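**Q** Sharing a structure here in structure tokens format.
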Amino acid sequence: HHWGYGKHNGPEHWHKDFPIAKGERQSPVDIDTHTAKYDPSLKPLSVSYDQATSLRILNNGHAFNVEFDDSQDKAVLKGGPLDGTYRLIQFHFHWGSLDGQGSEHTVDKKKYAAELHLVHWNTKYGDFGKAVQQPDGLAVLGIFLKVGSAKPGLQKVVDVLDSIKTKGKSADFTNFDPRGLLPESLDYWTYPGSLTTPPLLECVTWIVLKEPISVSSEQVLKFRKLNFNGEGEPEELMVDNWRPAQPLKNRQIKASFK
Ligand SMILES: NS(=O)(=O)c1ccc(C(=O)NCC(F)(F)C(F)(F)C(F)(F)F)cc1
Ligand SMILES: [Zn+2]
């Protein structure tokens, strides 16, 4: 015990150990599509993942992270609302117990079945642990998942999950190409926010794609067989590992598209 997504340690409790939970730039948020203003000054995002080197996949008890080699500028995010260069460190998802919930951001109050976060850190701060202490330290690219046709590029991820069922298990996961998780369009909303799990640091530029990717029911069913618990402990399925939308407060969500 410590924080989680159970009845007794879930999002509504996190503020007790992490008072920033009630802060001024918390994530996720609802994206009201009528209120987000088109900003003709935003650039097209530059997602440069040709040289991405995945290493390992880890069940950390709250989700699973696909980890990359971020010792050099291989897979980077630039442009859009960003100044400078952000290195990909990991991706993970948040998902529901059923298809009608799971995403952290919402769009006109609609919840998607899951949400992918591609986490990047600003190289001008030298390492990730320094970057999370800065208001422009991270850029997280958020992509919604809806259930329909299978996503071919997700299958390698789904097929390794049986080997990392429980908290603390990892497996080698080399040569995975995250370009296969992108939608066709890179149109996005952006706003300043936070990590969505404790310690909830207010260090993130959020970039949320408008176009969801489609994954199959079978694919997401396999995410739902993972466990929050460690090996041999009472089984708690890893489902509903999402934080609900937080107050927007004094923030503007900008759209890259008209
Ligand atoms: N879901 S999210 O918003 O994309 C998202 C992305 C990344 C983290 C994350 O690195 N937490 C871990 C951490 F950074 F807080 C940390 F413990 F490593 C430290 F020490 F603070 F640096 C959390 C949420
Ligand atoms: Zn996340």
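Letters for chains follow the order of the structure tokens (A, B, ...), residue numbers begin at 1 for each chain, and ligand numbers begin at 1 in the order shown.
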List as a PyMOL selection string the protein and nucleic acid residues near region 237-240 of chain A, meaning an atom at most 7 Å away when only C-alpha atoms are counted, but skip any in the same chain fewer than 4 places from it.

**A** chain A and resi 5+95-97+102+224-228

**Q** Which polymer residues have any atom within 7 Å of an atom of residue 215 (chain A), counting only C-alpha atoms, with same-chain residues fewer than 6 positions away left out, as a list in words?

**A**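 Surrounding residues, per the criterion: residues 145, 146, 147, 148, 149, 150 and 151 of chain A.
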
**Q** Taking only C-alpha atoms and all ligand atoms into account, which residues are within 9 Å of ligand 2, as a list in words?

**A**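 The residues near ligand 2 are residues 63, 91, 92, 93, 94, 104, 115, 116, 117, 118, 119, 140, 142, 195, 196, 197 and 242 of chain A.
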
**Q** Using N, CA, C and O atoms, can you write the selected residues to a file as a PDB file, in the first residue's frame?

**A**
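Result file is out.pdb:
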ATOM      1  N   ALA A  63       0.665   0.688 -14.460  1.00  0.00           N
ATOM      2  CA  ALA A  63       0.479   0.468 -15.885  1.00  0.00           C
ATOM      3  C   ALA A  63       1.665  -0.379 -16.326  1.00  0.00           C
ATOM      4  O   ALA A  63       2.400  -0.941 -15.477  1.00  0.00           O
ATOM      5  N   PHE A  91       6.665   4.948 -23.171  1.00  0.00           N
ATOM      6  CA  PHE A  91       5.233   5.115 -23.326  1.00  0.00           C
ATOM      7  C   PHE A  91       4.473   4.137 -22.470  1.00  0.00           C
ATOM      8  O   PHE A  91       4.977   3.062 -22.094  1.00  0.00           O
ATOM      9  N   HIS A  92       3.231   4.522 -22.185  1.00  0.00           N
ATOM     10  CA  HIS A  92       2.320   3.621 -21.409  1.00  0.00           C
ATOM     11  C   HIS A  92       0.892   4.008 -21.761  1.00  0.00           C
ATOM     12  O   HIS A  92       0.686   4.984 -22.496  1.00  0.00           O
ATOM     13  N   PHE A  93      -0.083   3.259 -21.272  1.00  0.00           N
ATOM     14  CA  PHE A  93      -1.487   3.539 -21.507  1.00  0.00           C
ATOM     15  C   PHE A  93      -2.206   3.586 -20.176  1.00  0.00           C
ATOM     16  O   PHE A  93      -1.736   3.127 -19.136  1.00  0.00           O
ATOM     17  N   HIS A  94      -3.381   4.175 -20.282  1.00  0.00           N
ATOM     18  CA  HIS A  94      -4.413   4.107 -19.228  1.00  0.00           C
ATOM     19  C   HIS A  94      -5.657   3.558 -19.904  1.00  0.00           C
ATOM     20  O   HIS A  94      -5.934   3.892 -21.043  1.00  0.00           O
ATOM     21  N   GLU A 104      -7.903   9.439 -19.891  1.00  0.00           N
ATOM     22  CA  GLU A 104      -7.718  10.434 -18.845  1.00  0.00           C
ATOM     23  C   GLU A 104      -8.278  11.748 -19.340  1.00  0.00           C
ATOM     24  O   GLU A 104      -9.173  12.342 -18.747  1.00  0.00           O
ATOM     25  N   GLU A 115      -5.999   5.556 -23.379  1.00  0.00           N
ATOM     26  CA  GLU A 115      -5.242   6.709 -23.815  1.00  0.00           C
ATOM     27  C   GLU A 115      -3.758   6.285 -23.727  1.00  0.00           C
ATOM     28  O   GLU A 115      -3.301   5.790 -22.666  1.00  0.00           O
ATOM     29  N   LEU A 116      -3.021   6.507 -24.797  1.00  0.00           N
ATOM     30  CA  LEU A 116      -1.581   6.267 -24.873  1.00  0.00           C
ATOM     31  C   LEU A 116      -0.856   7.567 -24.567  1.00  0.00           C
ATOM     32  O   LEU A 116      -1.211   8.624 -25.080  1.00  0.00           O
ATOM     33  N   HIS A 117       0.187   7.474 -23.730  1.00  0.00           N
ATOM     34  CA  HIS A 117       1.084   8.632 -23.378  1.00  0.00           C
ATOM     35  C   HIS A 117       2.485   8.287 -23.785  1.00  0.00           C
ATOM     36  O   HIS A 117       3.091   7.362 -23.238  1.00  0.00           O
ATOM     37  N   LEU A 118       3.017   9.095 -24.734  1.00  0.00           N
ATOM     38  CA  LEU A 118       4.391   9.008 -25.167  1.00  0.00           C
ATOM     39  C   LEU A 118       5.111  10.140 -24.435  1.00  0.00           C
ATOM     40  O   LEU A 118       4.812  11.310 -24.657  1.00  0.00           O
ATOM     41  N   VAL A 119       5.961   9.775 -23.485  1.00  0.00           N
ATOM     42  CA  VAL A 119       6.555  10.704 -22.519  1.00  0.00           C
ATOM     43  C   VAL A 119       7.937  11.145 -23.012  1.00  0.00           C
ATOM     44  O   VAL A 119       8.791  10.271 -23.284  1.00  0.00           O
ATOM     45  N   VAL A 140       4.224  15.418 -23.161  1.00  0.00           N
ATOM     46  CA  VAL A 140       3.591  14.137 -23.263  1.00  0.00           C
ATOM     47  C   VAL A 140       2.631  14.223 -24.449  1.00  0.00           C
ATOM     48  O   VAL A 140       1.750  15.118 -24.523  1.00  0.00           O
ATOM     49  N   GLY A 142      -0.393  12.588 -26.155  1.00  0.00           N
ATOM     50  CA  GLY A 142      -1.536  11.760 -25.775  1.00  0.00           C
ATOM     51  C   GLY A 142      -2.341  11.368 -26.983  1.00  0.00           C
ATOM     52  O   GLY A 142      -2.630  12.215 -27.827  1.00  0.00           O
ATOM     53  N   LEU A 195       1.936  15.718 -14.522  1.00  0.00           N
ATOM     54  CA  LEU A 195       1.891  14.264 -14.519  1.00  0.00           C
ATOM     55  C   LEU A 195       0.479  13.874 -14.019  1.00  0.00           C
ATOM     56  O   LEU A 195      -0.065  14.495 -13.077  1.00  0.00           O
ATOM     57  N   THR A 196      -0.073  12.774 -14.544  1.00  0.00           N
ATOM     58  CA  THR A 196      -1.408  12.344 -14.075  1.00  0.00           C
ATOM     59  C   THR A 196      -1.342  11.294 -12.974  1.00  0.00           C
ATOM     60  O   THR A 196      -2.400  10.803 -12.557  1.00  0.00           O
ATOM     61  N   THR A 197      -0.139  10.893 -12.509  1.00  0.00           N
ATOM     62  CA  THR A 197       0.004  10.005 -11.385  1.00  0.00           C
ATOM     63  C   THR A 197       0.947  10.713 -10.390  1.00  0.00           C
ATOM     64  O   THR A 197       1.778  11.537 -10.776  1.00  0.00           O
ATOM     65  N   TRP A 242      -6.970   5.181 -14.605  1.00  0.00           N
ATOM     66  CA  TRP A 242      -7.025   6.532 -15.147  1.00  0.00           C
ATOM     67  C   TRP A 242      -7.456   7.493 -14.049  1.00  0.00           C
ATOM     68  O   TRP A 242      -8.267   7.193 -13.187  1.00  0.00           O
TER      69      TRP A 242
END

**Q** Mind checking which residues fall within 10 Å of region 207-210 of chain A, counting only C-alpha atoms, ignoring those fewer than 6 positions away in the same chain, and posting them as a PyMOL selection string?

**A** chain A and resi 31+33+45+80-82+105+107+115-118+139-144+182-183+185-192+253-257

**Q** Would you export the selected residues with C-alpha atoms as a short mmCIF file (atom, residue, chain, number, x, y, z; two decimals), in the first residue's frame, please?

**A**
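Now in result-v2.cif:
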data_model
loop_
_atom_site.label_atom_id
_atom_site.label_comp_id
_atom_site.auth_asym_id
_atom_site.auth_seq_id
_atom_site.Cartn_x
_atom_site.Cartn_y
_atom_site.Cartn_z
CA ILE A 31 -11.19 19.39 -23.85
CA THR A 33 -13.93 21.54 -28.53
CA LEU A 45 4.41 18.81 -34.57
CA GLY A 80 4.22 22.34 -32.14
CA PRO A 81 4.04 24.43 -28.96
CA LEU A 82 7.53 23.28 -27.91
CA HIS A 105 -8.44 13.39 -21.13
CA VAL A 107 -13.35 15.40 -25.44
CA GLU A 115 -5.24 6.71 -23.81
CA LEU A 116 -1.58 6.27 -24.87
CA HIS A 117 1.08 8.63 -23.38
CA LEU A 118 4.39 9.01 -25.17
CA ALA A 139 6.12 16.93 -23.28
CA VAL A 140 3.59 14.14 -23.26
CA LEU A 141 1.92 13.18 -26.56
CA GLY A 142 -1.54 11.76 -25.78
CA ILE A 143 -3.38 9.56 -28.26
CA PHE A 144 -6.92 8.24 -27.69
CA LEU A 182 0.32 6.99 -34.37
CA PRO A 183 -2.95 7.99 -36.17
CA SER A 185 -3.30 13.14 -38.64
CA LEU A 186 -1.04 14.99 -36.24
CA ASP A 187 -3.67 17.73 -35.51
CA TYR A 188 -3.64 18.38 -31.72
CA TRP A 189 -4.80 20.32 -28.74
CA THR A 190 -2.23 21.65 -26.30
CA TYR A 191 -2.26 23.12 -22.76
CA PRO A 192 0.10 23.26 -19.71
CA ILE A 253 -6.44 24.83 -24.53
CA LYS A 254 -5.22 25.75 -28.02
CA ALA A 255 -6.01 23.80 -31.24
CA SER A 256 -3.47 23.35 -34.08
CA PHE A 257 -6.27 23.04 -36.62
#

**Q** Using only C-alpha atoms, which of A:249, A:169, A:258, A:222 sits nearest residue 59 (chain A)?

**A**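 So, comparing all the options, the nearest one is A:169.
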
**Q** Expressed in Å to a single decimal, how great is the separation between CA of residue 245 (chain A) and CA of residue 109 (chain A)?

**A**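 Straight-line distance from CA of residue 245 (chain A) to CA of residue 109 (chain A) works out to 9.0 Å.
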
**Q** Give the answer as one residue: which of A:122, A:54, A:194, A:174 has the shortest atom-to-atom distance to ligand 1, using only C-alpha atoms and all ligand atoms?

**A** A:194

**Q** Out of A:136, A:235, A:127, A:177, which residue has the shortest atom-to-atom distance to residue 165 (chain A) when counting only C-alpha atoms?

**A** A:235

**Q** Give me the residues near residue 172 (chain A) as a list in words, where near means some atom within 9 Å (using only C-alpha atoms) and where sequence neighbours in that chain fewer than 6 positions away do not count.

**A**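 Returned residues: residues 55, 56, 57 and 58 of chain A.
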
**Q** To one decimal in Å, tell me the separation between CA of residue 32 (chain A) and CA of residue 246 (chain A).

**A**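 It comes out at 13.0 Å.
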
**Q** Just asking: which residues within region 1-143 of chain A are strand (DSSP E) according to DSSP, as JSON, numbers by chain?

**A** {"A": [30, 31, 37, 38, 45, 46, 47, 48, 54, 55, 56, 57, 58, 59, 64, 65, 66, 67, 68, 76, 77, 78, 79, 86, 87, 88, 89, 90, 91, 92, 93, 94, 95, 106, 107, 114, 115, 116, 117, 118, 119, 120, 121, 122, 138, 139, 140, 141, 142, 143]}

**Q** Considering only C-alpha atoms, return as an NGL selection string whatever protein or nucleic-acid residues lie within 10 Å of residue 12 (chain A), sequence-local ones (same chain, fewer than 6 positions apart) excluded.

**A** :A and (5 or 21 or 243-244)

**Q** Keeping only N, CA, C and O atoms, write those residues as a PDB file, in the first residue's frame.

**A**
ATOM      1  N   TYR A   5      -5.474   2.860  -7.642  1.00  0.00           N
ATOM      2  CA  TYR A   5      -6.767   3.052  -8.329  1.00  0.00           C
ATOM      3  C   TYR A   5      -7.827   2.074  -7.696  1.00  0.00           C
ATOM      4  O   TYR A   5      -8.867   1.672  -8.314  1.00  0.00           O
ATOM      5  N   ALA A  21      -2.066  17.824  -5.915  1.00  0.00           N
ATOM      6  CA  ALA A  21      -3.251  17.236  -6.595  1.00  0.00           C
ATOM      7  C   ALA A  21      -4.340  18.289  -6.763  1.00  0.00           C
ATOM      8  O   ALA A  21      -5.203  18.129  -7.665  1.00  0.00           O
ATOM      9  N   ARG A 243      -6.935   8.715 -14.118  1.00  0.00           N
ATOM     10  CA  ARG A 243      -7.340   9.811 -13.233  1.00  0.00           C
ATOM     11  C   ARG A 243      -8.436  10.591 -13.964  1.00  0.00           C
ATOM     12  O   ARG A 243      -8.286  10.888 -15.162  1.00  0.00           O
ATOM     13  N   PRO A 244      -9.509  10.991 -13.239  1.00  0.00           N
ATOM     14  CA  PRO A 244     -10.552  11.793 -13.935  1.00  0.00           C
ATOM     15  C   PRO A 244     -10.050  13.237 -14.245  1.00  0.00           C
ATOM     16  O   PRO A 244      -9.037  13.745 -13.709  1.00  0.00           O
TER      17      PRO A 244
END

**Q** Would you pick out the contacts of residue 51 (chain A) at 12 Å or less, using only C-alpha atoms, so that residues sharing its chain but fewer than 4 positions from it are not included, and give the list as a list in words?

**A**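 Once the adjacent positions are removed, what remains is residues 47, 68, 69, 70, 72, 73, 74, 75, 76, 87, 88, 175, 176, 177, 178 and 179 of chain A.
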
**Q** Would you give me, as a list in words, the residues in region 144-237 of chain A that DSSP reads as alpha helix (DSSP H)?

**A** residues 155, 156, 157, 158, 159, 160, 217, 218, 219, 220, 221, 222 and 223 of chain A

**Q** Store the residues of this selection in a file with N, CA and C atoms, as a PDB file, in the first residue's frame.

**A**
ATOM      1  N   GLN A 155       0.156  -5.022 -31.785  1.00  0.00           N
ATOM      2  CA  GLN A 155       0.106  -6.464 -31.421  1.00  0.00           C
ATOM      3  C   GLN A 155       1.361  -6.949 -30.707  1.00  0.00           C
ATOM      4  N   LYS A 156       2.534  -6.444 -31.072  1.00  0.00           N
ATOM      5  CA  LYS A 156       3.763  -6.887 -30.394  1.00  0.00           C
ATOM      6  C   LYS A 156       3.693  -6.551 -28.856  1.00  0.00           C
ATOM      7  N   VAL A 157       3.096  -5.401 -28.570  1.00  0.00           N
ATOM      8  CA  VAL A 157       2.910  -5.011 -27.163  1.00  0.00           C
ATOM      9  C   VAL A 157       1.923  -5.983 -26.496  1.00  0.00           C
ATOM     10  N   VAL A 158       0.773  -6.226 -27.121  1.00  0.00           N
ATOM     11  CA  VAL A 158      -0.235  -7.090 -26.489  1.00  0.00           C
ATOM     12  C   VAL A 158       0.335  -8.505 -26.263  1.00  0.00           C
ATOM     13  N   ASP A 159       1.117  -8.991 -27.222  1.00  0.00           N
ATOM     14  CA  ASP A 159       1.596 -10.341 -27.047  1.00  0.00           C
ATOM     15  C   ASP A 159       2.686 -10.586 -26.036  1.00  0.00           C
ATOM     16  N   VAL A 160       3.272  -9.551 -25.464  1.00  0.00           N
ATOM     17  CA  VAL A 160       4.243  -9.716 -24.412  1.00  0.00           C
ATOM     18  C   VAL A 160       3.578  -9.551 -23.027  1.00  0.00           C
ATOM     19  N   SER A 217     -11.276  -5.123 -29.842  1.00  0.00           N
ATOM     20  CA  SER A 217     -11.755  -5.531 -28.513  1.00  0.00           C
ATOM     21  C   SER A 217     -10.776  -6.529 -27.927  1.00  0.00           C
ATOM     22  N   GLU A 218     -10.316  -7.473 -28.735  1.00  0.00           N
ATOM     23  CA  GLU A 218      -9.371  -8.490 -28.241  1.00  0.00           C
ATOM     24  C   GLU A 218      -8.099  -7.853 -27.728  1.00  0.00           C
ATOM     25  N   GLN A 219      -7.555  -6.835 -28.419  1.00  0.00           N
ATOM     26  CA  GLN A 219      -6.365  -6.174 -27.949  1.00  0.00           C
ATOM     27  C   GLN A 219      -6.575  -5.546 -26.576  1.00  0.00           C
ATOM     28  N   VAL A 220      -7.625  -4.766 -26.406  1.00  0.00           N
ATOM     29  CA  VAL A 220      -7.812  -4.137 -25.107  1.00  0.00           C
ATOM     30  C   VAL A 220      -8.201  -5.155 -23.985  1.00  0.00           C
ATOM     31  N   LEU A 221      -8.904  -6.257 -24.335  1.00  0.00           N
ATOM     32  CA  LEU A 221      -9.187  -7.294 -23.396  1.00  0.00           C
ATOM     33  C   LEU A 221      -7.894  -7.820 -22.773  1.00  0.00           C
ATOM     34  N   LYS A 222      -6.833  -7.905 -23.568  1.00  0.00           N
ATOM     35  CA  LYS A 222      -5.553  -8.366 -23.055  1.00  0.00           C
ATOM     36  C   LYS A 222      -4.877  -7.369 -22.095  1.00  0.00           C
ATOM     37  N   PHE A 223      -5.042  -6.051 -22.312  1.00  0.00           N
ATOM     38  CA  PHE A 223      -4.569  -5.109 -21.303  1.00  0.00           C
ATOM     39  C   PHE A 223      -5.263  -5.402 -19.957  1.00  0.00           C
TER      40      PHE A 223
END

**Q** Can you measure CA of residue 212 (chain A) to CA of residue 83 (chain A) for me? One decimal in Å is fine.

**A**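 Here the two named atoms are 25.5 Å from each other.
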
**Q** Can you tell me, as an NGL selection string, what residues are no more than 10 Å from residue 23 (chain A) when counting only C-alpha atoms, ignoring any on the same chain fewer than 4 positions away?

**A** :A and (15 or 18-19 or 27 or 193-194 or 200-202 or 246-247 or 249)

**Q** Which one of A:173, A:86, A:3, A:121 sits closest to residue 65 (chain A) if you count only C-alpha atoms?

**A**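 Going through A:173, A:86, A:3, A:121 one by one, the smallest distance to residue 65 (chain A) is for A:173.
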